[PDB]
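Below, read A as the first sequence line, B as the second, and so on, with proteins coming before strands; counting in each chain starts at 1. Atoms considered below: every heavy atom in the structure, side chains included; atoms not considered: hydrogens, waters and symmetry mates.
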Amino acid sequence: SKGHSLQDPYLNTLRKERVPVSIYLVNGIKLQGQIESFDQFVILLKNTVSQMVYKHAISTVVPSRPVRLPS
Amino acid sequence: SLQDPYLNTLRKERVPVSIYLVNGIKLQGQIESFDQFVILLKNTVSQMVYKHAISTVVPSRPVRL
Amino acid sequence: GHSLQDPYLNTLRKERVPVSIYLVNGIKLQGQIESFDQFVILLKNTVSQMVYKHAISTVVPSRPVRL
Amino acid sequence: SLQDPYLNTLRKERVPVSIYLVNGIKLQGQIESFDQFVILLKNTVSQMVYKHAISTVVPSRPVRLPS
Amino acid sequence: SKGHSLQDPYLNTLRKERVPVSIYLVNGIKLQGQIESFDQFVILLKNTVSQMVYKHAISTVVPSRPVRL
Amino acid sequence: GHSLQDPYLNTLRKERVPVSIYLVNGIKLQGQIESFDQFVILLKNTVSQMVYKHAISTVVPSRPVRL
Ligand SMILES: Nc1ncnc2c1ncn2[C@@H]1O[C@H](COP(=O)(O)OP(=O)(O)NP(=O)(O)O)[C@@H](O)[C@H]1O
Ligand SMILES: Nc1ncnc2c1ncn2[C@@H]1O[C@H](COP(=O)(O)OP(=O)(O)NP(=O)(O)O)[C@@H](O)[C@H]1O
Ligand SMILES: Nc1ncnc2c1ncn2[C@@H]1O[C@H](COP(=O)(O)OP(=O)(O)NP(=O)(O)O)[C@@H](O)[C@H]1O
Ligand SMILES: Nc1ncnc2c1ncn2[C@@H]1O[C@H](COP(=O)(O)OP(=O)(O)O)[C@@H](O)[C@H]1O
Ligand SMILES: Nc1ncnc2c1ncn2[C@@H]1O[C@H](COP(=O)(O)OP(=O)(O)O)[C@@H](O)[C@H]1O
Ligand SMILES: Nc1ncnc2c1ncn2[C@@H]1O[C@H](COP(=O)(O)OP(=O)(O)O)[C@@H](O)[C@H]1O
Ligand SMILES: Nc1ncnc2[nH]cnc12
């Protein structure tokens, strides 16, 4: 329940398995696509182009299917 | 010091919570896990919620410390 | 940054002063400060809900408070 | 090194101010006290305003600016 | 570029030159004036009275005319 | 860390790629990235302007960047 011991494995699994996600922004806008990569502050989401979403503007990330969770 | 043992308890006892977001949206479910920056909330699929986007975590029944 | 914040919150906590917490989205929560740390405040009423400080705009006691 | 002396000037001279919050709310009163994260705004009661919720501090009259 | 290596010079230039700016806040509100001074966390915006603006509440700083670093 | 944000922004800059920058309040800005630091981006064209990153939600390149 500490560090990034949750967020990183999670995003990585989404990326590795190319799971389609919805990313809801803090203003309620919804983005959809696949996680191409990410770092400590941003997530790169694919579709028409690969856009760079700032984590500070994201509220939730909702995978289109259940997925392995971090250990 | 308060946040962790608190979230810990909600997770452990599997108490259904309402998570209200900074824009007013209400999310509902059970807390599977959480780390320093995010909380994993469980329903149909488990979704990842950034804490910076949360205003309040409201348990649907009272708990202790 | 907790040289005014902490004693202020602790005073509200020890004396159980009824307070309103207003959120950045305008939701007004009412109750009392059960407890707090560096990042959240635990506000009591029906249940005790955990409030993220980053989401708070103001804390408004129902009555004036010493310090 | 600028924020501090400014706020302190508003405090010492008891200048009436409007504080606009990031959501557009306008609070009025005077700066009673402050630390790194919050401002104690006095009027009906003295409430605690988190600095992160604030967009601007606007004095009702021109005031000495920090040199 | 690292750190404040763009923000400080850019602001410090708008300051020195007394260029009229529009400052948009995260809520869509537009302030206008001249940058009197600034530090790590706030900008003092000068007009009828100077006002102290928290950088955290600002989205964009738009000069009234082109400026050169 | 910045192992992605920085090379991404620098590639946009060096290659003069047109971007649309969407702010947290839903307003969309367009132009080329002239410069950037850890905290702000300088956007240029029909109007030159300094953008705080904390107020940005997405940077959408008008064509794909290749690391
Ligand atoms: N100190 C505050 N912090 C954040 N929001 C406030 C505050 N005071 C008032 N508001 C909001 O702005 C609205 C207008 O307030 P107002 O009509 O002047 O009455 P008030 O005594 O200042 N607060 P209230 O007792 O809740 O009505 C209120 O209804 C609140 O929603
Ligand atoms: N030493 C300081 N001097 C002046 N302002 C500060 C200082 N430290 C933090 N702040 C402000 O207070 C906020 C930082 O507190 P923080 O614990 O990060 O909550 P927050 O994330 O800013 N709340 P929010 O922006 O609504 O998500 C920022 O807005 C800062 O601008
Ligand atoms: N210095 C400021 N900082 C943040 N918001 C402001 C500021 N000045 C005005 N506003 C906002 O702008 C709107 C109203 O301002 P405006 O129409 O320009 O005149 P006014 O503020 O109503 N005049 P007054 O309130 O009597 O000083 C409100 O939404 C305010 O929140
Ligand atoms: N998991 C979520 N995270 C953030 N916002 C959400 C989430 N689910 C729904 N919303 C928002 O809640 C609001 C209500 O719409 P809603 O009826 O829930 O749509 P839907 O049923 O397709 O999810 C919408 O604005 C939507 O963006
Ligand atoms: N360069 C900019 N930076 C940030 N916000 C902007 C910018 N230009 C326009 N806006 C915002 O767009 C919003 C739309 O308001 P509006 O009444 O249509 O005037 P305008 O079309 O000039 O923007 C405004 O609230 C303003 O905040
Ligand atoms: N890639 C994005 N990142 C952040 N916000 C976006 C993005 N794309 C669209 N939006 C938001 O969605 C809203 C409108 O969506 P959009 O369909 O693109 O507009 P339009 O209907 O004019 O084509 C805008 O207010 C904008 O803020
Ligand atoms: N954010 C919120 N919105 C509505 N009711 C609430 N009760 C506790 N927190 C709440």
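Against chain A, the residues from residues 34-48 of chain B that qualify, each with a non-hydrogen atom under 4.5 angstrom away, are B:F34, B:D35, B:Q36, B:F37, B:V38, B:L40, B:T44, B:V45, B:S46, B:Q47, B:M48 in number order. Residues from residues 58-65 of chain B never place a non-hydrogen atom less than 4.5 Å from a non-hydrogen atom of chain A. Below 4.5 Å, heavy atoms of chain A meet heavy atoms from B:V22, B:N23, B:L27, all part of residues 22-31 of chain B.
Between chain B and the options A:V61, A:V21, A:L11, the largest number of non-hydrogen pairs under 4.5 Å is found for A:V61.
Remark: side-chain polar atoms of B:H52 are paired, donor with acceptor, to backbone N or O of A:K55 under 3.5 angstrom.
The ring pair (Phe, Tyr, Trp, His ring centres under 6.0 Å) pairs that include a residue from residues 2-33 of chain B number zero, where partners must be two or more places apart or lie in different chains.
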Full working for side chain to side chain contact (heavy atoms under 4.5 Å, CB included) between A:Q7 and B:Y50: CA-CA 9 Å; A:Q7 178 183 178; B:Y50 284 96; 2.8 Å; yes
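Within the 4.5 Å cutoff, the side chain of A:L69 has no heavy atoms near those of the B:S33 side chain.
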